[PDB]
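Asks: Before anything else, here's the structure in question.
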Amino acid sequence: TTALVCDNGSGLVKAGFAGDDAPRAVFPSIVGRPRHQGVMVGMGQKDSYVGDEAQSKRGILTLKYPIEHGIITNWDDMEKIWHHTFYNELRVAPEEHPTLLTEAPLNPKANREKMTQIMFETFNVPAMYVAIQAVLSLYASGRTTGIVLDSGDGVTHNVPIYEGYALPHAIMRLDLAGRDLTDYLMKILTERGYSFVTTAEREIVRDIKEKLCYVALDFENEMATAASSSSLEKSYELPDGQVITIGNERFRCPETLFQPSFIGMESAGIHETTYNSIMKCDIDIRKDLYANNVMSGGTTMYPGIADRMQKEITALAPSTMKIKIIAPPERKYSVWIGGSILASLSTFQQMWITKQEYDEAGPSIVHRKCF
Amino acid sequence: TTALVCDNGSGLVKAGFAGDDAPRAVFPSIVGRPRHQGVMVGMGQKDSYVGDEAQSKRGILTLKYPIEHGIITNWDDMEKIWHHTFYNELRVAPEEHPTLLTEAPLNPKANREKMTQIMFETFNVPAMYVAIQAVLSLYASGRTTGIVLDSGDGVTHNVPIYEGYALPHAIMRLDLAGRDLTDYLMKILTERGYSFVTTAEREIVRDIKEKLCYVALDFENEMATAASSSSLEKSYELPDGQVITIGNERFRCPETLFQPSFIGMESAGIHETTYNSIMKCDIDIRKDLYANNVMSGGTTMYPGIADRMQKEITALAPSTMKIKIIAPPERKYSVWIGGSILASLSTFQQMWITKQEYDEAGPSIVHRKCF
Amino acid sequence: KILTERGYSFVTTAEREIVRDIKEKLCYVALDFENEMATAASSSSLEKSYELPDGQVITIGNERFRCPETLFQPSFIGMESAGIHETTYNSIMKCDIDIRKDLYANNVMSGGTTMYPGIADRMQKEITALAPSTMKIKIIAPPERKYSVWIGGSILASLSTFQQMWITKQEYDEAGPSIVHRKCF
Amino acid sequence: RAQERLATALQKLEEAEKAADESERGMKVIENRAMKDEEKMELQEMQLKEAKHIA
Amino acid sequence: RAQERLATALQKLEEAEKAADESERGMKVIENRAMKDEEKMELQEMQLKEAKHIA
Ligand SMILES: Nc1ncnc2c1ncn2[C@@H]1O[C@H](COP(=O)(O)OP(=O)(O)O)[C@@H](O)[C@H]1O
Ligand SMILES: Nc1ncnc2c1ncn2[C@@H]1O[C@H](COP(=O)(O)OP(=O)(O)O)[C@@H](O)[C@H]1O
């Protein structure tokens, strides 16, 4: 029977069946609860919406992502998310379906452990497995070498892989991702007079970011340009009319990824961490890594990000090295695609963790090579 | 020569000369206009009073604060306010006096720009400068570290400063302040049969708030107490006799600052935003920030607010950290005091914005490090 | 790195110093890695707490001896070279055969990284396992060894038979910075 | 001179591609707006029709 | 190899310039249609107003 591929991530849950071509159901991984009291008896309002239901009821709810930076903080909301996924989005009894789960590298081992435990106890799957998002993203790109730069909504990691071997000592996790960009945009949008403070209108700001923002090939030139002309201003319709306009912000916001100082962080920019991860690997495999910079995750979907990325990492690397950047047009779902591909193997059908084996060895089994 | 220090704020304008010990002139920042027609000819009634004059003519006017939440909305009333200040409260020709102006953090840049422009054109000062209210409030307390919680009449911000450096990414502005408390008190005063709706009697309610309200060290206990006994009721005589009494309200009103849900806002309470601003700061400087919670602004003048604040922020912080709350007895004017201190320096006498320089570079100069 | 897997995240160059303090206080070398791993798995007699500069005490267990174990298994950080004991023994074996007994007997140890509780005993065990059985293995680990370099430097500089090995300003002006590699060493 | 003219070709290619693609974003948004105004005309001429009807 | 990548830079340069030329007379016709939609939205908005008023 088929396996399920549920890629949790932050911001967006992506689920589907192994062997399909795209995740069947995709919805925001949020949980909302009403924050007023309600007066119409007989309306039978439930006590907590979830997913697109909440995304539609935003106006009267308080939304709380149960995953902060790759880690799961509120376990009850996470279980609600999973249950809603299985029983509504896919409408499938999870008792007869091995499920594939993903997580970023360098996470609290308790996270993965409790994940396994809840999966086997509450939902009672027959088997399961936890995979590293970046490996799956490489699978989905038909590569077998090259460093991958996943950048979802919560975390941003580089994983250099060569011939299917991973160099763990060169993995570079960094906690700057789409949520941080959304917040920085909320902040700099004040200096025009626009004030979004509610957890609801954070979603509005996220939409504004996904629509109007883009990466500038040269920051100073774009700044001077937006100063001189006004050919960069674009408007936007809020959910109640009152069109707004943003100029400089459009490219100031995603610029953070290259200058994390904008939000007070100290770590180096995306290009810098990539180049450092390269330099940590052995010298014989650096040319291929230069040639195969895969990119996935929704945050790497900015108009112009690949060109700026290539420009920078070219400025850093030697001149006799060919820099290339593999940025497919569907890269947002590359992790789920790679997960489907992997779970569809048969040489993989003996890497699962069987319910019996779990009962025999307890949640500590995950860290064992039943990985 | 002497420098002027005008701290606009909402609710209260307070001005004076640099180097002094207290603002010379202090009056409400309102503008009134008659709303009836007037029948006695030769009375020569002017068309718009301002300041204490309007506060006295309340009975027949309509008052309109020209500053809503730290931002200036009606620029003509603001110019009237400034002109009245210079020419009647101080009796000073502004042509030969560098002036210091204040504004909250995270304001529309157009606000500060137009401020500079009007200052240089209408009043034609020789120089000026705009400062952040919280920095001045720290100056006035002899500190050089510690977070400051200013809360005036319109806005409420925390600015963590350490060793003279400000960490802007941890600034927390919140638009709940004295005006909102006044409105909430106006609302809950109805449930005793007292109805204040006019812009005049809003001032009556403001006085009631400044006299009878106080923060309760424990909300539930005080509620149960006021339910059981009646030792909390105090009376108050309106401008036409008809003494009124309030019980529960006295501490229900300022409780909002800790439970903004009372007025439908979603943000977290004062203690919560403070603790969050701390936690956003680097770990090595958190102990000092814990030890130096400065307070300022009129809204932090409720009897008991410092004790309740310490109780809460102690409940949030680790146990081995010393919580202290610097609440001077004159903190209402801490911003003006710090402004006088700063303007009186000489190492500051080269940070002004000279009119020549402005004519050279236009109002865009303010955002430039001529800050 | 390995402190992440408990949920503690230190990334700033500032809090690298915090981590260094944690390392200097809690870590230690384990006489037998596998036994200590199994022990920390079974019991909890190895966990120790630590208070950060803002309270919020943390606890580390297995890490206390996982961290300094690297020196003997550099593969933990992806390096390929051999462990400390191994390079020591190799350096011995490269020397002439007539002087190997004394070298076995006089393993001096200095520098702050050799200040781990238990490092000398584990070091002795390993290098004993490598060396023949009829050779006496000793490890000179003074209690002030963190400053042994400076101490020896003061000793040498205080000599008089050394007062003619200096490089004089005049001499350097005469022969340029290339003088250092010359026997004015 | 090979490498200098190659660098010229690179920068020219790149900036021209960015210009083409920003005009491509513009064409996307203007096709959207065109369909928008289309259904706008539809619905508002239609309310004009029903206005004439009840008129 | 200098001659090789020179030739490649040359050709790809001119073909990408031609692609930008396609995209840019496309951008010309789309801004023409932008003005088309401007005047259409204007006329239809006006008639919407008169429809509402007469109705
Ligand atoms: N077109 C876009 N441009 C810029 N950012 C985007 C775009 N689409 C999505 N994002 C950002 O990417 C995030 C989704 O990334 P995703 O891969 O779903 O993260 P995760 O792997 O944690 O689920 C969203 O939070 C959004 O902010
Ligand atoms: N004794 C008091 N108790 C409680 N609130 C007060 C008291 N005195 C003044 N306030 C409130 O504080 C406000 C004055 O604060 P202020 O520092 O003047 O604000 P701003 O900095 O915007 O001028 C007034 O609007 C009033 O509502």
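Virtual Cβ from ideal backbone geometry, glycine too; neighbours counted across all protein chains shown. No value in this document is a laboratory result; all are computed from the given coordinates.
Asks: At most 16 other Cβ atoms within 10 Å and a DSSP loop assignment: could you name the GluC sites (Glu not before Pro) in the stretch A:216-284 that fit?
Replies: Values: sites: A:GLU220, A:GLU222, A:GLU233, A:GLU237, A:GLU249, A:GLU255, A:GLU266, A:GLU272; in loops: A:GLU233, A:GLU266.
Sites meeting the loop and neighbour criteria: A:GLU233, A:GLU266.
Asks: Using just the helices of chain A, give the 222 nm mean residue ellipticity in deg cm²/dmol: DSSP H runs with n ≥ 4 each add -39,500 (n - 2.57), and the total is spread over all residues, rounded to 500.
Replies: Details: 13 runs with 122 residues, N = 371.
Using -39500 (n - 2.57) per qualifying helix, the result is -9500 deg cm²/dmol.
Asks: Dipole size in debye (nearest 20) for chain C around its Cα centre, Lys and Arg Cβ +1, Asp and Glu Cβ -1?
Replies: Working: 21 positive and 24 negative charges, 80 e Å.
Here chain C has a charge dipole of around 380 debye.
Asks: Give the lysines whose C-alpha is closer than 18 Å to that of E:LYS36, dropping any in the same chain fewer than 8 places away, or say none.
Replies: Those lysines meeting the cut-off are D:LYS28, D:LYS36, D:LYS40, E:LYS28.
Asks: Give me the dipole magnitude in Debye, nearest 20, for chain A about the Cα centre, with unit charges on the beta carbon: positive for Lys and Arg, negative for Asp and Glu.
Replies: Working: 37 positive and 46 negative charges, 33 e Å.
Roughly 160 debye for chain A.
Asks: Give the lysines reachable from C:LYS169 as a straight Cα distance under 17 Å; neighbours fewer than 8 places away on the same chain don't count.
Replies: Hits, sequence-local ones excluded: C:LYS183.
Asks: Now for a different question. What residues of the stretch A:122-153 lie in the reach of a label at A:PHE371, counting those whose backbone N is under 14 Å from a point 7 Å from the Cα along Cα→Cβ?
Replies: Only A:129-139 pass the distance filter.
Asks: If you don't mind, another one. Taking other Cβ within 10 Å of each residue's Cβ, how do B:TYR139, C:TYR172 sort, fewest first?
Replies: Details: B:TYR139 21, C:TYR172 14.
Listed from fewest to most nearby Cβ atoms, that is C:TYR172, B:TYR139.
Asks: Same structure again: Where is the GNM fluctuation largest for chain B (alpha-carbon springs, 10 angstrom cutoff): B:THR102, B:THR299, B:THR225?
Replies: Looking only at B:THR102, B:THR299, B:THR225, the biggest GNM fluctuation is shown by B:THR225.
Asks: How far apart, in nm, are two points set 7 Å out from the Cα along the Cα-to-Cβ line at B:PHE219 and at B:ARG35?
Replies: Distance between the two pseudo-spin positions: 3.3 nm.
Asks: Average partner chain C-beta neighbours within 10 Å, per residue of E:35-44?
Replies: Numbers: counts 0, 3, 9, 2, 1, 5, 7, 1, 3, 9.
The shielding value for this peptide is 4.
Asks: Nearest 20 debye, what's the magnitude of the dipole of the stretch B:182-270 about its Cα centre given +1 on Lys and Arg Cβ and -1 on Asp and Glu Cβ? Kindly include the intermediate steps, with their values, before the conclusion.
Replies: On the way: 9 positive and 15 negative charges, 13 e Å.
Value, rounded to 20: 60 debye.
Asks: Looking at chain B as a GNM with Cα springs under 10 Å, which of B:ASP77, B:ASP240, B:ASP307 has the largest mean-square fluctuation?
Replies: The residue with the greatest mean-square fluctuation here is B:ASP240.
Asks: Here's something else I'd like to know. Going by C-beta contacts inside 10 Å, put B:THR144, A:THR99, A:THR314 in order with the fewest on the left.
Replies: Numbers: B:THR144 14, A:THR99 23, A:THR314 17.
Lowest to highest Cβ neighbour count: B:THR144, A:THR314, A:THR99.
Asks: Please name which of D:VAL29, D:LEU48, D:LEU10 has its Cα lying farthest along the dipole of chain D towards the positive end, using unit charges on Cβ (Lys, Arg +1; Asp, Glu -1) and the Cα centre as origin.
Replies: D:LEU10
Asks: With springs only between Cα atoms under 10 Å apart, run a GNM on chain B and tell me which of B:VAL148, B:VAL197, B:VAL26 wobbles the most.
Replies: Judging by the Gaussian network model, the answer is B:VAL197.
Asks: Sequence gap at least 6, Cα distance under 8 Å: using those rules, report the relative contact order of chain A to the nearest whole percent. If you can, show how the numbers build up before the last one.
Replies: On the way: 658 pairs, mean separation 74.2, N = 371.
RCO, chain A: 20 percent.
Asks: Still on this model: Using every pair of alpha-carbon atoms in the stretch B:182-270, split the distances into 10 Å bins beginning at 0 and state the percent of pairs per bin, rounded to integers.
Replies: 16, 49, 30, 5
Asks: So if the hydrodynamic radius of chain B is defined as the Kirkwood radius over C-alpha pairs, what does Stokes-Einstein give as its diffusion coefficient at 10 °C and 1.306 mPa s, in µm² per second? Don't jump to the answer; show the numbers that get you there.
Replies: Numbers: Rh = 22.0 Å.
Taking Rh from Cα pairs, D becomes 72 µm²/s.
Asks: Pulled fully out, how much extra length does the chain show between B:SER195 and B:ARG143, if you take 0.36 nm times their separation in residues and subtract their Cα-Cα distance? The partial results should precede the final answer.
Replies: Numbers: separation 52, 0.36 × 52 = 18.72 nm, distance 4.47 nm.
Between B:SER195 and B:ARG143, full extension yields 14.2 nm more.
Asks: Count the DSSP beta bridges whose two residues both fall in chain A, then state the antiparallel fraction as a percent rounded to the nearest 5. Don't skip to the end; give the middle numbers.
Replies: On the way: 31 of 44 bridges.
Antiparallel: roughly 70 percent of the beta bridges in chain A.
Asks: When we measure straight from the Cα of B:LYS209, which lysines land under 30 angstrom away, once same-chain ones fewer than 8 places off are left out?
Replies: By straight Cα distance, B:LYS209 reaches B:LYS14, B:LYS57, B:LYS64, B:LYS80, B:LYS187, B:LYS234, B:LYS311, B:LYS324, B:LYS332.
Asks: Also: Among the DSSP beta bridges whose two residues both lie in the protein assembly as shown, what percent are antiparallel, rounded to the nearest 5? It would help to have the intermediate numbers written out before the result.
Replies: Numbers: 66 of 95 bridges.
The antiparallel fraction comes to roughly 70 percent.
Asks: Pop the C-beta distance of C:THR12 and A:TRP75 into the FRET formula with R0 = 22 Å and round what comes out to the nearest 0.05.
Replies: Numbers: r = 29 Å, r/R0 = 1.31.
For C:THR12 and A:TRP75, the calculated efficiency is 0.15.
Asks: So, one more: From the C-alpha coordinates alone, can you work out the Kirkwood hydrodynamic radius of the protein assembly as shown, in Å?
Replies: Numbers: mean 1/r = 0.0287 Å⁻¹.
Result for the protein assembly as shown stands at 34.9 Å.
Asks: Once you place label points 7 Å from the Cα toward the Cβ at C:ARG20 and B:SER319, how far apart are they in nm?
Replies: If labels sit at C:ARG20 and B:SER319, their model points lie 3.3 nm apart.
Asks: For a quick check: sort B:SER151, B:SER296, B:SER235 by the number of other beta carbons within 10 angstrom, fewest at the front. Can you show the working numbers first?
Replies: On the way: B:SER151 24, B:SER296 30, B:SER235 9.
Starting with the residue having the fewest Cβ neighbours, the order is B:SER235, B:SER151, B:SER296.
Asks: With an 8 Å Cα cut-off and a minimum separation of 6 or more residues, compute the relative contact order for the stretch B:1-153 in percent.
Replies: Reported as a whole number, the value is 23 percent.
Asks: How far is the Cα center of the stretch C:145-185 from the Cα center of the stretch B:212-258, in Å?
Replies: 82 Å
Asks: While we're on this one: Report the FRET efficiency, 1/(1 + (r/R0)^6), for A:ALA110 and C:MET115, where r is their Cβ-Cβ distance and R0 is 35 Å, rounded to 0.05. Walk me through the numbers before you get to the answer.
Replies: Values: r = 32 Å, r/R0 = 0.92.
For A:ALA110 and C:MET115, the calculated efficiency is 0.60.
Asks: Now, a different point. Can you tell me, using C-alpha contacts under 8 Å and at least 6 residues apart, the relative contact order of the stretch B:28-69 as a whole percent?
Replies: Relative contact order, the stretch B:28-69: 58 percent.
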